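No value in this document is a laboratory result; all are computed from the given coordinates. When we count neighbours, we look across all protein chains shown, and the Cβ atoms used for this are built from the backbone with ideal geometry, even at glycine.
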Amino acid sequence: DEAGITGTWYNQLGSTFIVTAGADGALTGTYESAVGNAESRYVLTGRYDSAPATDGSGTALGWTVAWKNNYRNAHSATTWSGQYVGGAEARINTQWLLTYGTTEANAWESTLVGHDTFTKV
Amino acid sequence: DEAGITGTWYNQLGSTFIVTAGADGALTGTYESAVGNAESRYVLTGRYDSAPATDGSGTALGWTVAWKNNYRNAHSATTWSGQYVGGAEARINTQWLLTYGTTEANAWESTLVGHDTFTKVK
Amino acid sequence: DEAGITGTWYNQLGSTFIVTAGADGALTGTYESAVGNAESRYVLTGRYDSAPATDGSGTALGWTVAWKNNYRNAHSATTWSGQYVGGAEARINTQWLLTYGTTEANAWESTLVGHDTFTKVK
Amino acid sequence: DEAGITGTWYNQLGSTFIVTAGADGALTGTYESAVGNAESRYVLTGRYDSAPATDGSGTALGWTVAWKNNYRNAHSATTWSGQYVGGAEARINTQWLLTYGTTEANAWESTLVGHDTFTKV
Ligand SMILES: [Cl-]
Ligand SMILES: [Cl-]
Ligand SMILES: [Cl-]
Ligand SMILES: [Cl-]
């Protein structure tokens with residue numbers, strides 16, 4: 001649980017996700033994107049189910065990155081929603097929503113959707 | 001900004017979203033859902049753009065709730081992604097993803113998607 | 001059902017959706033978008049459940065528009081997925097995915113998601 | 001274009017997608033799901049960009065299946081939105097929305113989202 005999730009993760013684009021899972025269900029850490037208007041690390045914070053079912057199911061979790069740090073601001077935020085799966089091939093499988101700030105007129109085009117799979121590599 | 005976002009919000013389902021926005025970009029608070037396998041408040045945490053553009057654009061933000069508290073655990077988590085819009089009729093417009101724990105064979109059906117609009121008045 | 005769905009619909013952006021529902025479950029018509037890189041009508045095609053439950057549940061449906069017509073080509077396509085709800089205030093509530101052609105390096109940013117609500121009155 | 005898309009496709013779950021692309025941008029065919037409340041083939045219909053950019057970009061397309069056929073009805077419909085990518089490893093990369101009919105009270109839980117990658121295998 002806590003131990004399985006804590007540590008470094010990499011996704012299929014080469015991005016780096018460093019996270020600490022608290023016994024209380026907290027996720028905290030940093031994210032570094034291999035793509036987009038991003039450089040160096042960004043703060044992340046999220047939550048995970050700290051007492052998952054014991055029927056073979058994954059562990060639900062989610063986190064957010066606002067794409068502002070000391071280097072740049074891309075006026076956007078991404079949330080990843082998914083589940084942690086344990087085993088020899090531990091994975092965090094996610095889908096994500098990236099919203100950027102828009103005028104109300106352009107609200108219809110404010111949100112991208114995609115999917116990331118993270119491995120300990 | 002920080003002052004605009006902090007406080008109590010309500011969505012179209014009758015859910016209650018209570019949040020404090022930090023100067024650093026943090027969001028912290030609690031969420032109470034009017035629907036689903038949920039009761040009472042749940043911890044939420046997230047992030048918002050603490051230095052948005054000044055061109056009339058909204059403020060990007062997101063937050064997460066894991067649906068476990070001292071009363072219930074629905075083995076699932078929702079992330080809201082959207083933007084805060086100031087002015088007279090302040091709103092937070094979001095789309096969300098709800099993932100629940102599944103077996104690997106059932107992963108394809110693990111995630112719901114929807115949209116919530118939050119305002120300051122009941 | 002077939003009679004309820006067939007005809008002209010309007011969404012919250014001012015777009016116009018004209019559709020014919022077939023007895024077999026087919027949807028055929030045209031879409032005119034009030035926003036984006038689009039002008040005039042575009043062909044749409046899709047499917048709906050021609051034998052829905054009779055328990056008060058909505059009618060599932062979906063359709064696709066590729067944003068090429070005789071005037072413009074925006075190298076993109078939108079799919080709407082949702083349900084038709086009958087009764088006095090008939091609506092089609094949808095969420096949509098818009099994908100545009102990208103290079104492989106840019107695929108991660110190829111798809112927008114949103115929601116449209118269609119009604120019969122302007 | 002037309003030739004690249006037409007034919008049989010398989011996704012990562014083992015589902016089978018048989019499609020004919022028309023010169024006019026039409027997609028027609030059948031879908032057979034390896035999972036869910038589904039058996040045998042279902043009608044599909046969709047659209048694709050019949051004159052894509054020539055800058056290396058993929059070909060945008062989308063299609064719908066309503067999960068009713070002569071065998072069963074699952075009171076739901078899935079739309080796939082994505083792009084066709086040519087080459088030695090031709091792929092149709094998609095994201096999808098599955099909506100099932102619900103009461104208005106339960107509308108909030110009516111729609112699933114996911115992703116499918118199709119190959120000619
Ligand atoms: Cl069992
Ligand atoms: Cl104004
Ligand atoms: Cl009623
Ligand atoms: Cl160039």
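Highest GNM mean-square fluctuation among B:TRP96, B:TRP67, B:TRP108, for chain B modelled with Cα contacts below 10 Å: B:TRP108. Along its first, second and third principal axes, ordered by size, region A:78-121 spans 48, 16, 11 Å in Cα coordinates. For a straight C-alpha distance cut-off of 30 angstrom, the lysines reachable from A:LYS68 (same-chain residues fewer than eight places away being disregarded) are A:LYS120, B:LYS68, B:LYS120.
For the segment B:68-80, counting C-beta atoms of other chains within 10 Å of every residue's C-beta and taking the mean gives 6.
Computed over all pairs of different Cα atoms, the Kirkwood value for the hydrodynamic radius of chain D is 15.0 Å. Largest mean-square fluctuation among C:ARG41, C:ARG72, C:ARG91, in a Gaussian network model of chain C whose springs join Cα atoms under 10 Å apart, belongs to C:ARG72.
Helix content alone sets the calculated 222 nm mean residue ellipticity of chain C: runs of n ≥ 4 DSSP H residues at -39500 (n - 2.57) each, divided across all residues, give -500 deg cm²/dmol.
Which whole-number value in Å³ per residue fits the convex hull of the alpha carbons of the protein assembly as shown?
150
By the count of other C-beta atoms within 10 Å, a proxy for reagent exposure, B:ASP24, A:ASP49, A:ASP116 are ordered fewest to most as B:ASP24, A:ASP116, A:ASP49. Once the mean of 1/r is taken over each pair of separate Cα atoms and inverted, chain B shows a Kirkwood hydrodynamic radius of 15.0 Å.
Arranged from fewest to most other beta-carbon atoms within 10 Å of their beta carbon, D:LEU44, B:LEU61, D:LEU112 become D:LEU112, D:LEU44, B:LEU61.
For chain D, the mean residue ellipticity at 222 nm estimated from helices alone is -500 deg cm²/dmol, where every DSSP H run of n ≥ 4 contributes -39500 (n - 2.57) and the total is divided by all residues, rounded to the nearest 500. When the charge dipole of the protein assembly as shown is built from unit charges on Cβ atoms (+1 for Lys and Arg, -1 for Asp and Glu) and taken about the Cα centre, the candidate among C:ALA90, C:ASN69, D:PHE17 whose Cα reaches farthest toward its positive end is C:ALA90. As a rough footprinting exposure proxy, the listed residues B:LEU112, D:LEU13 were ranked by other beta carbons within 10 Å of their own, and the order from fewest upward is D:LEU13, B:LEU112.
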